[PDB]
Structure formats: structure tokens, C-alpha cells
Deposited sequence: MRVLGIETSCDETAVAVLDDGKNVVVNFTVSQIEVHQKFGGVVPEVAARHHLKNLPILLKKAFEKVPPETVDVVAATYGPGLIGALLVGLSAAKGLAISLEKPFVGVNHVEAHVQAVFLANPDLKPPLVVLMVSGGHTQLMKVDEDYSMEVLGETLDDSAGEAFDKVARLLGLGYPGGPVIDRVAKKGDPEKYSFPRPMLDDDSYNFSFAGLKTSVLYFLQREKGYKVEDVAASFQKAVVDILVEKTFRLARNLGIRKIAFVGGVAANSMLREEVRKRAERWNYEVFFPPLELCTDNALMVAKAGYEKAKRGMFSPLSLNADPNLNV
């Protein structure tokens, strides 16, 4: 099942052809302006692969930018029409989650997952039937956002997260005790805007401090509020398999603190090792074999979740 995947949700424009969900026959990437780039990429694709061979066309229908998404979505439906093959509109967040089961072949369906990135911070349950709902959600800023903006405040380079990671290694966490904004609540939600400003106030007040000490204490604040809410939910839902997806999942402090908690309480924790063009095709293929195709009347929604 040769599935053609189009990606115009991310900054890179991408077109991928995948056989049976596991074989890259062709993967083209721009390396932004989707409408200018995509036609070039489709050219290059159709020069190498014969059009007749494509079985299903797939593209992201959200979340993302209304304008960025339409180019891929619109193109895919046209391809679908011209090829006379079915079309699959993929949910980007859903696709990310499914890649956990892709990385780990031997993984039980009932799972809890933390998505912590810039502009994405949520807790979601994966059912046995592989359906999923968002249970926890940030009300203010994302965790990644907090990393980036606090790094700025601290006078540290981009990117916020890895820089704060590295400098915090030389610092003492719990030297200073910043607030954990939503911790000890009857909700699984998150807040980070409060934390961010608290750092700023300390930077305005205090004078003698080490940057290493502030960073590590801010990090440990975040990593506390992530770990608690993640394990609390896993507990109240009786799941002991828990997965960490997203950019800030990279954080060595979080990784350590999760591992510690997952040795005491006997839990399996899964982390990532992303490719964009393929991930669309792979999700497409997966839906194609369940015979679940998208209508041609499908609009893009930029705030797609769950």
C-alpha cells in the first residue's frame, strides 16, 4: 500500500512516499512557503515514482496555521481526485501519540502520556481500543514556553530548554523555592505563567545570586509539577505504563526524576529516541487499512486536539 504523505503543518514542507507503512520509496523535504515549495516537491516525487502506483493520499488537516494547512489539505484532495484514490486527513497530535507504539512494538494499549513542548502541554489517556482523550491541559503558557522565556530573562542563549538544562547541572536546585502553580489541586491542569513571572520578580529583587542556582531551581519547580500530575493521573486510572512525548521530554532533569519515581513505584516509562513527511504517510497507511478515509468536504481546523 503505497501511501503519499504531504506535510504543510510544520515549517519544513515535505512529501513522502511509503510502502506498507515501513518502506521509504521516496522522501523529499524543502531543506515555510508551502504554496511555492510543494509543487516543486510533487514534481520531484512524480519524476521518480509513477503516479498510478499511489494507493492513498494523506495530509495534515490540523492543528497548525489555517493558511499553512489548507495548501497541503487542498493539494491532497486534488491529487485524490486526479488519481482516483482515497484520501486521509491526519490529526497531527494523534499521529505523534501513535508513534510511541511505532517506536515500541510490544506496547500495551492502555497508556498515559505527557505531551510537553512549546505550545503543547497536556496529559492524555490511551484506551484499549486506541482511542484517546485529553485529561490535563495548560491554562496559560506551555512548559517549553516557560523554558524559553525564563532563559531569556536569565540572559541565556537560545534555545531556552537545552541551555537551562546544561547550566542547571552546575547549580543547586531547591537553593531557591519557586511556586509550583497548580500542584495540589483537584485538577490535572497546568499553569506556568505564574512561575515565569515569579522568576522575574526574584531577578528584580535579589542581587548576589548564581545563574546556575536560579536555573536549576526553576527547572526543579517545573519538573516537580510535571512529575506529580503525571503520576497522580496514572495512579487514579490504574495504569503503570506512562510515555513522555514532545520537546521538553528531552530534559535530563525530568528524565532522571521520572526514572527515580518509576523505580520506587513499579512503572514502565517510555521516552522518544522526529520525521515529518513519513509520519503523515505512516498515520495515513494505518487509517487506510482500517478503511477509515476522510471526506472531500474536510476543512482545516488549526486547534485540532484529542
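- When the deposited sequence is numbered from 1, the segments without any C-alpha atom are 32 to 48, 291 to 294.
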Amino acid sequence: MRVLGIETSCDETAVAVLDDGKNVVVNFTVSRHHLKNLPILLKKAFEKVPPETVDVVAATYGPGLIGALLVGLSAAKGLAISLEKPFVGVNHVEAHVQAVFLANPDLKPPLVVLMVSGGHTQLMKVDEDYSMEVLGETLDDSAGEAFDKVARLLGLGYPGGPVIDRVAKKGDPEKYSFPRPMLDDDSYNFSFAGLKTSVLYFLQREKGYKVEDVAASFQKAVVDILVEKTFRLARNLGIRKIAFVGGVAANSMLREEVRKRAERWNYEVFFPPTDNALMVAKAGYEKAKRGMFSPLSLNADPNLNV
From here on, numbers count along this sequence of modelled residues.
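- Annotation for 183 to 191 versus 73 to 81: the higher mean temperature factor (C-alpha) is found in 183 to 191.
- In this entry, 260 to 268 has the higher mean Cα B-factor, the comparison being between 260 to 268 and 37 to 45.
- Listed residues 214, 90, 223, 135 were ranked by CA B-factor as deposited; 135 comes out on top.
- Looking only at 102, 164, 200, 146, the residue with the top Cα B factor in the deposited structure is 102.
- Remark: residue 238 belongs to the middle third of its chain, ranked by C-alpha B-factor as recorded.
- Sort the modelled residues of the chain by CA B factor and residue 3 lands in the lowest third.
- Sort the modelled residues of the chain by CA B factor and residue 230 lands in the middle third.
- Among the modelled residues of the chain, residue 273 sits in the highest third by CA temperature factor in this PDB entry.
- Looking at the C-alpha B-factors along this chain, the one for residue 196 belongs to the middle third.
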